[PDB]
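**Q** Structure provided below as C-alpha cells; questions to follow.
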Amino acid sequence: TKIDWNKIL
Amino acid sequence: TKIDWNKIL
Amino acid sequence: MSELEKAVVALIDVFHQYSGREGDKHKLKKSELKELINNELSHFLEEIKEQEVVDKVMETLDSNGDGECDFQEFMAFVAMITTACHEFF
Amino acid sequence: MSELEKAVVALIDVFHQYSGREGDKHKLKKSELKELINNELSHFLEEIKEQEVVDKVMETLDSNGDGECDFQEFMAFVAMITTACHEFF
Ligand SMILES: [Ca+2]
Ligand SMILES: [Ca+2]
Ligand SMILES: [Ca+2]
Ligand SMILES: [Ca+2]
Numbered sequence: 003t004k005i006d007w008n009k010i011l
Numbered sequence: 003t004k005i006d007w008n009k010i011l
Numbered sequence: 000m001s002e003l004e005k006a007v008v009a010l011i012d013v014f015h016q017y018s019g020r021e022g023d024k025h026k027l028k029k030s031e032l033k034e035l036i037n038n039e040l041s042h043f044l045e046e047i048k049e050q051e052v053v054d055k056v057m058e059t060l061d062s063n064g065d066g067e068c069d070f071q072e073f074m075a076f077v078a079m080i081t082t083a084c085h086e087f088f
Numbered sequence: 000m001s002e003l004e005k006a007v008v009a010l011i012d013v014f015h016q017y018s019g020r021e022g023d024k025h026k027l028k029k030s031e032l033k034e035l036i037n038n039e040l041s042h043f044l045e046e047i048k049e050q051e052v053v054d055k056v057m058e059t060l061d062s063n064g065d066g067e068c069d070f071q072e073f074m075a076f077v078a079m080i081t082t083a084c085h086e087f088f
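Chains as they are written, first to last, in the authors' numbering: chain B, 3 to 11; chain B', 3 to 11; chain A, 0 to 88; chain A', 0 to 88. A prime marks a further copy of an entry chain.
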C-alpha cells in the first residue's frame, strides 16, 4: 500500500 | 488485561 | 504483510465497522463507541453499563468538541490503551 | 482477544522488539527505527537507503527532541500511517 514519504515527512 | 477506567477518564 | 501492518489494517477495519453503523459514517456517535468498547475491548476495559460512563468516555475522547469520535480521536484512544498495557509487563 | 486487542498487543510487541536492541531499551535510536521501517512497514513505506532519510524521519517523529523515538512518539507514527492508508479505500 505505498504511502509517499512526502506525506509523512 | 484490565485497565482501570480512571486511568483513561 | 507484517504483524505491524496487519495491526494497522485491523485498526482501520474496526473503526469503520462501528463508525459506519449510523449517521456520519466516518465518526463514532455515543452508541457506536459504547458497542466498540463493549464488544472489542472487553479484555482491557470493564463493560460500560451506565449512560454517565458513555458520556464521560465520549467527552474524554472528543478533542474537537463535535460530539463524535473521529478517526484521529480514535487513534488517540488506541494510544491511551496501548500505553496503559505497559503496567502488565 | 478481539482483532483490535490483537492489534494493540502487536503494536507493543513490535516497538519493544526494536527498541530493546541497543542503548535505551524503551526508545528507538536511528538504526532501530530504520530497521523497524524497512522490515515491518515495507508495504506502506519505501525502503530507507539514505542517511538523510533516516535523519528526517527521526527528526519528524522525535517530538520531545531527545534524539530517539519513544513509545508515545511511535504511536503518533502509527496514527500517521493508519490515517494515510485511507487513500487506498
Ligand atoms: Ca457513525
Ligand atoms: Ca470529535
Ligand atoms: Ca533502543
Ligand atoms: Ca523523543
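Cβ atoms here follow ideal geometry from the backbone N, Cα and C, with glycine treated the same way.
1) Which residues have their C-beta within less than 6 Å of a heavy atom of ligand 4, listed in chain order?
2) Within 10 angstroms of its Cβ, does residue 54 of chain A collect 16 or more other Cβ (buried), or is it exposed?
3) Pull up the distance between the alpha-carbon of residue 44 of chain A and that of residue 7 of chain B', whole angstroms please.
4) State whether the stretch 0-11 of chain A contacts the stretch 35-51 of chain A, with contact taken as three or more CB pairs (one from each stretch) at a distance under 8 Å.
5) If I measure Cβ to Cβ from residue 18 of chain A and keep anything under 7 Å in the same chain, skipping five residues before and after, which residues do I get?
6) Using a Cβ-Cβ cut-off of less than 8 Å, give me the residues of the stretch 55-71 of chain A' that come near chain B, in sequence order.
7) In the DSSP assignment, what are the bridge partners of residue 27 of chain A'?
**A** In this structure, then:
1) A':61, A':63, A':65, A':67, A':68, A':69, A':72
2) Along the third sequence, one-based indexing puts residue 54 of chain A at 55. The residue is exposed, with fewer than 16 neighbouring Cβ atoms inside 10 Å.
3) Residue numbering aside, residue 44 of chain A sits at position 45 when the third sequence is read from its first letter. Residue numbering aside, residue 7 of chain B' sits at position 5 when the second sequence is read from its first letter. Roughly 7 Å separates the two Cα atoms.
4) no
5) As a position in the third sequence, residue 18 of chain A is number 19, starting the count at 1. Excluding sequence neighbours, residue 18 of chain A sits near 24, 25, 26, 27, 31.
6) 55, 56, 59
7) In the fourth sequence, counting from the first residue as 1, residue 27 of chain A' sits at position 28. In DSSP, residue 27 of chain A' forms a bridge with A':68.
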